[PDB]
Every structure is written in structure tokens, then in C-alpha cells.
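**Q** Below you will find the structure I want to go over with you.
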RNA sequence: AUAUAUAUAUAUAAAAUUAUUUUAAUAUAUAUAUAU
RNA sequence: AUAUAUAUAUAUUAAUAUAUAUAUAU
RNA sequence: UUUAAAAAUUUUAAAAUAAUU
Ligand SMILES: O=c1ccn([C@@H]2O[C@H](COP(=O)(O)OP(=O)(O)OP(=O)(O)O)[C@@H](O)[C@H]2O)c(=O)[nH]1
Ligand SMILES: [Mg+2]
Ligand SMILES: [Mg+2]
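Residue numbers (this note's numbering), protein chains in the order written: chain A, 1 to 49; chain B, 10001 to 11254; chain C, 20001 to 20139.
Shown next, in the form of C-alpha cells:
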């Protein structure tokens, strides 16, 4: 995932890389839950690439 | 004709025509005793069977080959069987038996193995050994019953001679075909005929105490005993359960095909799933209607609280959607020639399209037609087939994920890419939290865990002894002691004054073997671990327990099955919901060192390290060991006692286990065998299995599922499931509930795909999940479909009794317990109530007399629980079996008849001028003595087991034994200091109020006796019991017990039928329908059990834990005698100290005792009134609470008034109301208090003097 | 860890029994069958080497409470001493090392075989229910 | 080298969950009352 | 004549296999 | 001025019956 995201920077016009659907918190999540907090952390670090 | 001419009065008595009496009972019992087997088969000859019972019997059943070609001899001089098809054919074969027998001296038509063959085999011959093994194993297969089959058949003829019955509820004679439509009886008679032939003797073998004698006929084989047992079971079930005669024919056909094959047990084992697979697992491919329960599971699911909320109607959308079961079923049916039977079942099942009483009865009947034999095979075959299985680990832990060694253990690197890291984390956290608790560090908990496994059962003390001998260490022998030799008590007494470094060599010693057969499953296997090996395995079991009870918390262990487990299936099989059945095949063989035990031992060794840094565990030192877990560093690091034990346990688990097999069925087999299969005798077994099950399922759903499936449906299904809300497991088996969403039943393809993912998950680390998804629940051998429990009648064979050895059976009167158990097993399965009761009457006579005779009056059997029929000129069939057993049951059935009961007495002579408050003027004291009521009532209360007296061992060696045992119990200075301080304080203060105050010094004096009575009884004790029973029968009695006398002062009143507690169209248990009137009415008017109401006055003053050697009775009586007399608190504290408690803990318990005034413990100890067994399935709690009213119907009376400071009396009143209400047939009714002779205060004072006198 | 056990004890014993009498410092302990049943010959199963004072002590130990079914054959072996191969299966218990005390240097491996230096004729083989028995010379 | 009879001794068969039933004289004697 | 309870007194402690020795015969 | 709530504890150690892993 890391290397292919890095390689997709220079094929922007034919292929667009997105984060997988199954990485987002369950049912939208809720900040009353530790696991959803850490899911948000992982997403926030991973999205800019 | 014959049976009628013999005992017409008995036929009239038990069939609800003539009033019962002791004279007809004893005369019938005479007829049963003085009666021969030829008489049995002649009576069977008298039966004119119709064409309905007719059937074509295969002639191959009689001509069979010789046993020699089926066996051979191993390279290790072991005689073992030669499999011809598959590695399963290792059971007894079907062969001739006549050419190996020598004629018995008295009965010239019967005989056992020729002594020439046995002696020649003992010399060491090949053929002699093979022949003697075959003979002994065939005898063992023919010895798997509990009594001679002809006796059960005679009881059946006795019961059925009366004909049909009249139903007091339905108002008509039931339509159950007579014996002339009973094809099992026909096959029994025809087989016995064709085997006997011209010979006058008719029985094909006579079951005896020592061994079975075969009828010397060339038409004989080794398959006949099990075939006859099957036919007897099927006949009895068809007559007392109303199976239809269209499925009993199929059952008889399958039994015949089994008897006509190579081996019988093997065919029955391969063909054990044709009735369930074609009826239960294929129902309702098309629904049209019917009702199913609407249960709702309460929110903190983990506690298992339910609530019934009515019956919801079914519809077409809830039809069966699991995958089809057609191709595989027909393949199985074709491979064994049972294709016509399979097609008949598969056809007849497709005609039921409504969830109804009739369809559940169809399933019950189709599933009661499977054979219920105890499968048997030689021990050397079990040990060589089971124990050779090894795990199939397809993705092992990489070698680069283990650190260096720390003694005997390596640690998982924190950066492991495997799936074992979640296992490691779970066990690590569990071990840390277990060891952190301060409870696990006192001497009392240490001692309790030590004494947990010191029992009177064997532990293979020999190999322990001869392994300690190999390092030149001695052991006391205690010559001349009447105690059993192979008992863990004996080992513990030996190993008292021995350092751990000495006895630690006995941890690698081998284990002996145990065996046990079953119904429809291969013979069990067993291994008892010795005392050291049970000691060193303490952290494993403690961590498993902590995981089961606190961390994972998804299990039913430690919970009552009939209050929490039944309605789990009722909920998980209701239609909107679904159920998946998950089992682990060969669970023991799949837990080894390369995936489970290594990770678990590293985890438990690391977690305990923090809170046990220098302390000793249960008598284990604080040893040292060097570690290399960190690269470049190598330093000796101290460890703890609880880590030293893990070191030794790991060096045991790494090598595997060695089993010493020595079977008594094949002469010359005493080899030793070494496996890696996890033992089934360890204390830690049943807890660690369920812990591993729960852990792997949770790591499944949380990690492995979402990382290997792509479709959104399976992901959304695995994300909405958690092991605590959708999974229940106990040991090997398991259950996974899948709730129904709003769109209805969850889709089927997604559930299937998840199932194959689970199957692929098991193969990576060894396990082989046996998954079954077909629309029925499965848990602990309880079947459910659409919320209707379905009893499995084939699992409760009426005649079957298991004998894994060659030892003789316990002598009469030891069989009456088994007969009562047969009656109760019939009760819990919903058999036809009138037919089953009558058959049990007929059967409790045949086992009533035996040699100077001694006979039981029927009143004893009525005391044990069996309900009457027609006593005292009442109406036929008034009493149900739900009448409790003992004094409560006696009061119950008496009070409902008392007026007629006394007018009959006065109508036949018995009259006196004494107005008794109960029976008026009739003299019960003379008639009940005449009618033998007191005799049975007081003979039933006498024990039927030889009380093992002390054989007066020598004083020196007995003193030494008890002293060494006490030294083993109180090993550390802290327990001894506590108990000695307690004794000192007692002699300072408590001296005088008690003379032998119980402490931790009387525990060895109970272990010594418990070693005593594990031995064999002597002829002295048998003669003593016989003479005691005769004496108790030959007295003249004047009254009942004091408790029953006090009970009989209370009258009641049957006012109103309570409202229904369940719909009258909702099947809740197959077999309990309007055809079964009384159980149906009781179930529908009382309602099933969904609550928790345990412990109706089990109060006691001792609320703490101590060694298993002590008793609650002695401590409770001491505390009660010390609290009623009002002594100083220092006396209570001294007692609690010398019973082994801490100062602060003992004083908190003293404060407890000072609270909770003692008017309740005294009554709880004086009276013995409990909820009988049969009420466990019903809702008796609300019946106690709301529907037994102590304020009579028309208000106060001045007699039923109860004083304010006597509240315990309301308990006994609620007892008597509920019992008297449940005893009568029909619906349960509101019962009101009526009148207490004397008065409330007088009866209270009567109970209070008894409570005081303690 | 294994080769040290294999080699080291023999080198030390070679200093103690380097020059003593071989007849006085020697022994051998195998499975015994009586002079009958020829339709005495013992299979070695072990070869002890130790000083005389310990051979005297080993001469009196039990050595008889260990049983096994020996199955003699009639096959010949190419080796020099005329001997017939055999087999054996211990029954009940295995010989603990404590009997061969820490003062003798025994062997860890052995083949099962019997020598026939009398009336050379190999008849039919059989099983005999042997019993363990110490076997040294006069010493 | 063995066979039979006798006497003595020894070894072997587990853990857990659930529900039900039973576990404070051993005996006698004197004085008290009662029942048969 | 018997039994039950009341106070006291007294004595009181509670299947298969194998091994060994004797004897008789070969 | 009179009445009354009374304690619902445990995991109860062993021996027998039955069900199960
Ligand atoms: O005879 C044994 C039967 C099993 N139980 C205990 O149950 C646990 C699992 O028992 P098993 O391991 O025998 O079940 P299984 O694999 O044979 O299942 P199938 O292949 O037939 O589907 C083991 O841990 C054992 O201790 C024993 O107490 N008694
Ligand atoms: Mg199984
Ligand atoms: Mg099992």
C-alpha cells in the first residue's frame, strides 16, 4: 500500500488512489468509543498520501 | 393366557381397574421370581402377531466365517485387528462362536471359553491368544446391559396384558396398537426360534454376574446380543411412547442390515446419522403456518436473562433457507445399501408444511428409531487409533518470531506477523490480572488448591513410586492398612515430607489408562495424572479460569443447564433468528506444543513475573534460571515459584505423554505408548479448552475475517458479531447465534461464505471445525427446531448399562436405583404418561424379590417417587408423577384423598373411639401396619450400600499415616500458626460449650476413611444389610416421622384454575401435546422455566471457603451451638481461626454470624424440603410467589393466623400448597390455606422446640 | 551435550581399569533361556565395564524382575562369531539406570542376537519368555 | 528345567459443569411420661 | 412384657496379571 | 396510642442416581 501509493503520484490522470471503504469507523462511529478514536487517528495520518 | 392365569389381579391393579394393595404386589413379585426363561419364550409364543409385524429377515445373519482371518499380530507382539475397509474397522467382528466353547457342567447347552485355549494362550501361542481375545471381547460386547433381556420382556408382557387405557382428560381409550403390531417382538421371537431350533433350551445366552454363556448352536454369532438389545429397546419404546409402526419397521431394518454385515458396531457407527439427517436437518422446505415462541434476550446479555413474550405466527418468508442436504444424504444411503430407507424418509418428510404438534412428533419418532448400543472395542485398538492423531498445522509460527531461551521457554517477539499474538496477549493479560489479586497469596487459597485434586480415585501411583525409586529416594508403604492402594490420597500421604526437587522427577512419569464406552460414539479414553503433575499445572488452570470468568466471559460453565441453557436454544432456533453449530473435531489431539502450549506457557511465564517476584506458590521454591531473550546479553535471572512450576510443566509438555496400556481383554498386551495428545484427566483441561475456543473465535471475528474477504455483505456480518453477544461455547462444542435484522432472516449465501472462512481459519493452526448450518440448534446434546426442544430417546437406552471392565455388578438391592433412574429418564422425555407409569409399575415388581427372602412393599416405591394409580377406592389415574419424593410427596398424595381414605378404613372393620385430628375415628395405627404402609415407608429410608467399617488397622501405622497426611495438608507455618492460635483461644474462652470443635486437624481423619470406603465391601456387611432390612420390615410401627405428623395438621382448598401461562397452540417440547394430556396441561398452565430461583433456604453460618476435606455440617453446627447459647465473640473467632481463616477475615465472618438472627438457619437445618427433580422444567417460582395464598378464600379464620415473630412457617405452608397442587392431574389451580389443627402459634411452637434443640 | 556422555566416562574408567584383569573387571547382562527349549544362550543387551569391587556389588543385585518375550530366529549373520539374530520386547518395566550405578561404564546401544557355538544346527526359531540375568565369569 | 494344590503379597481404571437424595452417638443402666 | 422421648452415669474411638515360600511328581 | 417488614446467604467438601464435555 505504501509503495503503490507512492508510485501512483505520477499516474494521476489515469488512476486515482483512495483509502479503502473498510478503513472508516463502523456505522460512522462515535467519539464515545476508543476504537473509533484510533480509527480516526489512522485515517488522519494516512489520507494526505 | 399364561400371564393372565398367573397374575390377573396384578393386571387389574396397575391398569386402573382394581384398587392397588400390597398382597397383589407381593404375589405378583412371587410370580416374577419363580419363573423361567423357557416360560418367557413360551409366553412370547402365545402372542398371535398380525401381518403388520411381519418382515423379510436376511438369512446371512446366521452363517458367518471364522474369527482367525480378522486378526493378526504386530511386530511388537501385540494382537491387533486387520482392517478390511478403512482404518475404522477395529471393532468386534461378526463371526461364529460355537467352535471355541466347552460345555458347562450343569447346563449342557451353554458354555464359555475352553480352558485349553486360555492356558495355551497364557503359554504364549499365537492362535490361542487371538481366539481368547476374540472370546473375551465378544463377551464384553454381550455384557453391556443392566439385567437379563427376558426380564424386561416379561415386564413388557405384564404391562401390555391389561390392554388399552382410559384417559380421564380426553374421555376415551387411547388408540395404541397392541402387541400383535409390534414387529420388534416378532423379530426377537423369530431370531430366538431360528437359533434355538430343535434344542429345548430357548434363550440364546444367559446373562450372569461373571460372564455370559453362549447357547451351543451352529446358527450362533457374536452380533446377536446387541441385536436383541436393540429389538427390546424398540419394542418398549413403541409400546410406551406411541411411535408409529411405520418407522419402527425402518429401525428394525437398519438393525438387521447391521447384524448381517462384517461387524455390527462399525456399521452402526457409520450409519448413525440417517434419521436425523433426513428428518430433523431437512424439515420445512415449504411453510404454511404455525406458531413459534417470541423470546427476547435482556440487555446485559452476559447474564442470560430471558422473557417470554407470546407466540408469533409463522409465514412463508421463514421457510428453510440453509443449503440442501440431498446429494450427500443419498450418497451415504447408497454406499451401505440403505437407499430404500433413505428414500422413504426423504419422501415422507416433504409432506409436513406446518409447524405443528404432529410434525415435532414425527421428528421425535424418526429420531427414537436409532440404535442405542454402547459401542465396544479392545483397549489396544482405542489407544492405537485415537492417540496416533496429530495436528495438521498449515501456517506455523516462523522460527524468527521466537526470542532466545529462558530456561525451557521462548518468547514471542512483539513484532510477530502471525495470528498467535492475540492469543499471547489474552493469556498474558489474564495471568497478570490473576496473579495481581491478593487472594491468591494467603495460605488458605494455597491449601484449597492443593487439596482440590487429592481424591479417592486412582492416579497411577505405581509409576510415580517406581520413578522416584530410580533416583534412590524412599517412600513409606504403610503395610497392613485396609485403605485402597491406587488412590491419590495414598500418593499424597507418601509425598508429605519430601522436598520439591525430589518429587519433581516424578513429573515426567507416565500415566495409566482408563476406558469408557458411549452411545453412538467410539469408546472414550482417560488418563489420570499423578499428584505432582496435578500440582505443577496450577497456573494453567487458574489463568484459564480467570479468562473464562472475567475477560472473555462467553461460556455456560458453572451455570445451571435447565435454567439458562435450554432457552438459549429456544431463542437461537426461533425463526427470525438463526443458529450455526460449531464443533472442533479431535480437540485433545489438536492442542500441542508447536502452536498452543508454547505460546500459552510463554504468556503465563511472563504475565506472572510482576506480582510474584520472590514468593513461593503451593509448596514450590523460588528457583533461578538464566535467560537469553535479549540479543548479546546472557545473565542468570531469578524467577518465582509460579514460574518454576511453568518451567517444569513446559519440560513435561514438550516431550509429550507416555501411556502404559495393559488391557484385560487380550493376553500379552502391556505395551507403553507415547503421544502428544493433551490429557483428558488434568484439572486444567475443561477450562483451557473453552478458553482457547473463545479466544480463537474472538480473534477470528476481530482480525482474520475482515482481512481475507472482500464482499461488503460478509464484512458487515462479521462486524456486527461479537463473541459475548453472538457466541456460546463450553469445552469442545460451541454455538453461534445470528440475530435477524429488520428485513427478516439474514441472507444465506453470506452466512455460508462466513462458514467456509471459518473452515479455512481452522486449518491454518491445526483445528478442524465441524460446522453445521441447517436451521436447527445444537448444544450439549440438546436439539431444537423453531424453539421446540426435541428429546433424543435413542440416547437413553432403557436396557443399556455400561461396563468398561470385567468386574461384576453391585448386588441387589443396588438395581432399584437404576430402575428409578429409568423411570425418571422416561419422565424427562415426555412419554405417554399412563403407558409409561403402568410399565414402570410392572417393572418395579420384577426387581423387588431375591434371596429367607426379603421383599419390598410397594409403599417404598411410592416413597421414592413413583405415583399411585387406584389406591383406597378412588378414581383411576388421579395422581401425576410431579408429586415430589419423600415426606412432601407423601403428604401431597394423602391430603388429596384423606376423607375417602378414612371412610374406606371405617368401612372395613378398622374403627376406634379416638377422634384423631387427621383421620377421625378410624384406627390408622393398626391398618397401616396391616396394609404394610409404615413398613415400606420406613424401609425406603434405609441405605442400600454396604457401609465400609474400619478393619481395625494397627495403631502405629495408622497414626503415622494420618500424621503424614496432616503434615501434607498444613505445610506452611502460617496455617499451623493460625490453627494453633485458634485452639489456644478456644481453650481460653470456648472451653466447655463444645467438646470436639472442628479444625484443620480432623481433615486427615476424613481422608483416611474416604480411602477406606473406596475398597470392596465384605460378606459381613452384606449380611448386615440383609438382616437390617429384615429387622426394619419385621417391627410394628405407631406413626409417621415427626415432620410428616406436623405436616398432616394443615388442610388446603382447590379453588380456581389459574390463567394460562403459554399458548395452547405453541409446541414447546416434542411429545408433550394434547395426546399426552397431563404433561401438556401442566406445561401450559404453569409455563416453562426462564428464571433463576435457586437455594430455597440453603442458608448457613459458614460463608467462607476451606479445604475439601472439611465439611460444612460440623462447622455450621459448631457456630450454631456457639451462637444460640450466646458465648463471647472470642469463641467464634477461635473456631473460625482453627478452621483455617485469617484474623480479620474470621472476625468479619463473626460479625456476619452476629447479624442474621438464627431463627432461619435452625429451621433450614431441621427441615429437608426441596424442589423435586421433575419440577426443574416448569415455572415453580411464580407458583410459590403468587399462586399459593396463605389467606384463605373467605377471609381470616383465627386458626390460620401466624404470629409476627414466626415467619419461617409461611415457607412450609407454601411447600405444602405447591406440592398438593402439583400432585393432582389436570391443570394447576389456585390453592388456598384452609385450616391448621391446633393453631398457628401452637404449630410454630412445635417447630420452635425442634429448632431450639440444637 | 550427548557426545560428552558418549566419550568422557570411558576415558576416566580407562585410568582405573587400565591394567587390571579383564576377567575380574567385566560383566554382561542379557535375556536368559534355560538349557531346554532347544527344539543356555542369552542375548547380551548390555556390556558393563567397571572395577572388581563394583562388579562384586552388581553380582548380587536382583536383575531377575525384568521380563521380555525373546523371539529367536534361525538366520545367520556374516560376522565372524557364529551367532543367530533375535528380538526382544520388554514387558512391564524398563531397566532403571540406578542398578548400573554411577561407578560402571555401560554401553548405550546393542543389537539382539544369540551365538551358537555348540552342535551347529538352527532349528525353527521360537518365543521363550526370557528373564534378565547377570552374566560374568568367576572374577 | 517343569507341572498341580496351598499360603502370602502386589499392580490397574481420570478431570470438569449441571440437577436430585442421604451424612451429631457407639451401647447399656437407673428415675419420668406415653403409646402397643 | 415391647417401643419412643426426658436427666444423669459409664465404657469407648470408630474380575486380569504378576511375585514370593511349603508340598508331591518328572 | 397498638402492629409489623425479620436474613435470599453459598458456589456445600465429600458418598450414590441421571445428563453432558
Ligand atoms: O472420554 C472423554 C470424553 C471427552 N471428555 C473431555 O472433553 C474434551 C473433548 O472431548 P473429545 O476430544 O473426546 O471429543 P471429540 O474430539 O472426540 O469430538 P469428535 O471428534 O467426536 O467430534 C476433552 O478435553 C476431554 O477431557 C473427557 O472428560 N472424557
Ligand atoms: Mg464427538
Ligand atoms: Mg467430546
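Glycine is no exception: its CB is placed at the ideal position from the N, C-alpha and C atoms.
1) Can you tell which of 10696/B, 10707/B and 10713/B has the C-alpha that lies nearest to the C-alpha of residue 10722/B?
2) So if I threshold CB-CB distances at 7 Å, which residues from the region 10683-10711 of chain B count as touching chain A?
3) Closer than 6 Å: is that where the CB of residue 11179/B sits relative to any heavy atom of ligand 3?
4) Could you check what DSSP says for residue 10214/B in three-state terms: helix, strand or coil?
5) Residue range of the alpha helix (DSSP H) that residue 10906/B falls in?
6) If you measure beta-carbon to beta-carbon, which residues of the region 10715-10728 of chain B are closer than 7 Å to chain A?
7) I'd like to confirm the pairing. Which residues does DSSP put opposite residue 11229/B in its beta bridges?
8) Can you say whether residue 10410/B is buried or exposed, counting buried as having 16 or more other CB atoms within 10 angstroms of its CB?
9) What residues match up with residue 10654/B in a beta bridge as DSSP calls it?
10) Does ligand 3 have a heavy atom nearer than 6 Å to the CB of residue 10732/B?
11) What's the C-alpha gap between residue 10085/B and residue 10498/B?
12) Taking 7 Å as the threshold (beta carbon to beta carbon), is residue 20069/C in contact with chain B?
13) Counting only Cβ pairs nearer than 8 Å, list the residues of chain C close to residue 10470/B.
14) By how many angstroms is the C-alpha of residue 11186/B removed from the C-alpha of residue 11240/B?
15) Below 8 Å on the Cβ atoms is my contact criterion, and I expect residue 10786/B with residue 10292/B to pass it. Report the Cβ-Cβ distance as a whole number of Å.
16) Going by CA-CA distance only, name the one from 11082/B, 11193/B and 11201/B that's closest to residue 11176/B.
17) For chain B, check one thing: does any of its Cβ atoms lie closer than 7 Å to the Cβ of residue 22/A?
18) So within the region 10915-11002 of chain B, which uninterrupted beta strand (DSSP E) runs reach at least 3 residues, ignoring any that extend past its ends?
19) In three-state terms, what does DSSP make of residue 10886/B?
20) How do the region 10160-10172 of chain B and the region 10815-10824 of chain B stand: do at least 3 beta-carbon pairs fall below 8 Å, yes or no?
21) Considering only heavy atoms of ligand 1, does any lie closer than 6 Å to the CB of residue 10273/B?
22) Quick one: does the C-beta of residue 10067/B sit closer than 6 Å to a heavy atom of ligand 1?
23) Would you verify that the beta carbon of residue 20020/C is, or is not, closer than 7 Å to some beta carbon of chain B?
24) Closest Cβ-Cβ distance between residue 20061/C and chain B: below 7 Å?
25) For ligand 1, is there any heavy atom lying closer than 6 Å to the beta carbon of residue 10586/B?
26) Quick check on the DSSP output: the alpha helix (DSSP H) that includes residue 10837/B runs from which residue to which?
27) With a threshold of 7 Å between beta carbons, is residue 20127/C in contact with chain B?
28) In whole angstroms, what separates the C-alpha of residue 10924/B from that of residue 10891/B?
29) Is the beta carbon of residue 10604/B closer than 7 Å to that of residue 10646/B?
30) Measuring only the C-alpha atoms, how far is residue 11141/B from residue 10456/B?
31) Listed in chain order, which residues of the region 10477-10500 of chain B have Cβ atoms closer than 9 Å to some Cβ of chain C?
32) For the region 10093-10118 of chain B, which segments carrying the beta strand (DSSP E) assignment without a break, of at least 3 residues, lie completely within its bounds, in sequence order?
33) At 9 Å on the CB atoms, spell out the chain C contacts of residue 10027/B, in chain order.
34) Using only the alpha-carbon positions, how far apart do residue 10866/B and residue 10837/B sit?
35) At least one CB of chain B closer than 7 Å to the CB of residue 20072/C: is that the case?
36) Between residue 11163/B and residue 11150/B, which are expected to be in contact by the criterion C-beta below 8 Å, what is the C-beta distance as a whole number of angstroms?
**A** By the coordinates alone:
1) Taking the first residue of the second chain as 1, we reach residue 10722/B at position 722. Nearest of 10696/B, 10707/B and 10713/B to residue 10722/B, Cα basis: 10696/B.
2) So the close ones are 10706.
3) As a first step, residue 11179/B must be located in the second chain, where it is residue number 1179. Incorrect: residue 11179/B has no Cβ contact closer than 6 Å to ligand 3.
4) As a position in the second chain, residue 10214/B is number 214, starting the count at 1. When secondary structure is reduced to three states using DSSP, residue 10214/B falls in the strand class.
5) For the purposes of this step, residue 10906/B is taken as the residue at position 906 of the second chain. For residue 10906/B, the enclosing alpha helix (DSSP H) begins and ends at 10898-10907.
6) Per Cβ criterion, the list reads 10715 and 10719.
7) If you number the second chain from 1, residue 11229/B lands on position 1229. Residue 11229/B pairs with 11057/B.
8) Here residue 10410/B corresponds to residue number 410 of the second chain, with the count starting at 1. So residue 10410/B counts as buried.
9) As a first step, residue 10654/B must be located in the second chain, where it is residue number 654. Beta-bridge pairing links residue 10654/B to no other residue.
10) Taking the first residue of the second chain as 1, we reach residue 10732/B at position 732. Taking 6 Å as the cut-off, the C-beta of residue 10732/B counts as close to a heavy atom of ligand 3.
11) On the second chain, residue 10085/B is found 85 positions in, with the first residue counted as 1. On the second chain, residue 10498/B is found 498 positions in, with the first residue counted as 1. Going from the Cα of residue 10085/B to the Cα of residue 10498/B covers about 53 Å.
12) If you number the third chain from 1, residue 20069/C lands on position 69. Yes, because at least one Cβ of chain B sits closer than 7 Å to the Cβ of residue 20069/C.
13) In the second chain, counting from the first residue as 1, residue 10470/B sits at position 470. Correct list: 20096, 20097 and 20098.
14) Here residue 11240/B corresponds to residue number 1240 of the second chain, with the count starting at 1. Here residue 11186/B corresponds to residue number 1186 of the second chain, with the count starting at 1. Computed Cα separation, rounded: 21 Å.
15) Along the second chain, one-based indexing puts residue 10786/B at 786. Along the second chain, one-based indexing puts residue 10292/B at 292. That belief holds up - the Cβ atoms of residue 10786/B and residue 10292/B are roughly 5 Å apart, short of 8 Å.
16) Residue mapping note: residue 11176/B aligns to position 1176 of the second chain, counting from 1. When each option's Cα is compared against that of residue 11176/B, the closest is 11082/B.
17) Residue mapping note: residue 22/A aligns to position 22 of the first chain, counting from 1. Output row for residue 22/A: interface = yes.
18) As for any beta strand (DSSP E) of minimum length 3 sitting wholly inside the region 10915-11002 of chain B, there is none.
19) Sequence index remark: in the second chain, residue 10886/B carries index 886 (1-based). Residue state for residue 10886/B is assigned as coil, using DSSP reduced to three classes.
20) At 8 Å Cβ cutoff, the stretches do not touch.
21) Translated into positions along the second chain, residue 10273/B becomes position 273. Outside the cutoff, so no.
22) For the purposes of this step, residue 10067/B is taken as the residue at position 67 of the second chain. No, ligand 1 has no heavy atom inside 6 Å of this Cβ.
23) Taking the third chain and counting its residues from 1, one reaches residue 20020/C at position 20. It does not: the Cβ of residue 20020/C has no partner Cβ on chain B nearer than 7 Å.
24) Counted from its first residue, the third chain places residue 20061/C at position 61. Not closer than 7 Å to any Cβ of chain B, the Cβ of residue 20061/C fails to qualify, so no.
25) Counted from its first residue, the second chain places residue 10586/B at position 586. Correct: residue 10586/B has its Cβ closer than 6 Å to ligand 1.
26) Counted from its first residue, the second chain places residue 10837/B at position 837. If you look at residue 10837/B, you'll find it in the alpha helix (DSSP H) that goes 10833-10846.
27) Translated into positions along the third chain, residue 20127/C becomes position 127. Closer than 7 Å: yes.
28) On the second chain, residue 10924/B is found 924 positions in, with the first residue counted as 1. On the second chain, residue 10891/B is found 891 positions in, with the first residue counted as 1. One C-alpha to the other measures close to 15 Å.
29) Here residue 10646/B refers to the residue found at position 646 when the second chain is read from its first residue. Here residue 10604/B refers to the residue found at position 604 when the second chain is read from its first residue. Cβ distance < 7 Å, so residue 10646/B and residue 10604/B count as in contact.
30) Along the second chain, read from residue 1 onward, the residue named residue 11141/B stands at position 1141. Along the second chain, read from residue 1 onward, the residue named residue 10456/B stands at position 456. Between residue 11141/B and residue 10456/B, the C-alpha separation is close to 26 Å.
31) Contacts with chain C (Cβ-Cβ distance below 9 Å) from the region 10477-10500 of chain B involve no residue at all.
32) Counting only runs of 3 or more, we get 10101-10103 and 10110-10113.
33) Numbered from its first residue, the second chain carries residue 10027/B at position 27. Neighbours of residue 10027/B on chain C: none; closest Cβ ~58 Å, over 9 Å.
34) Reading the second chain from its first residue, position 866 is the one you call residue 10866/B. Reading the second chain from its first residue, position 837 is the one you call residue 10837/B. One C-alpha to the other measures close to 8 Å.
35) In the third chain, the residue the question calls residue 20072/C occupies position 72. It does not; no Cβ of chain B falls within 7 Å.
36) Sequence index remark: in the second chain, residue 11163/B carries index 1163 (1-based). Sequence index remark: in the second chain, residue 11150/B carries index 1150 (1-based). So it is not a contact: roughly 22 Å between Cβ atoms.
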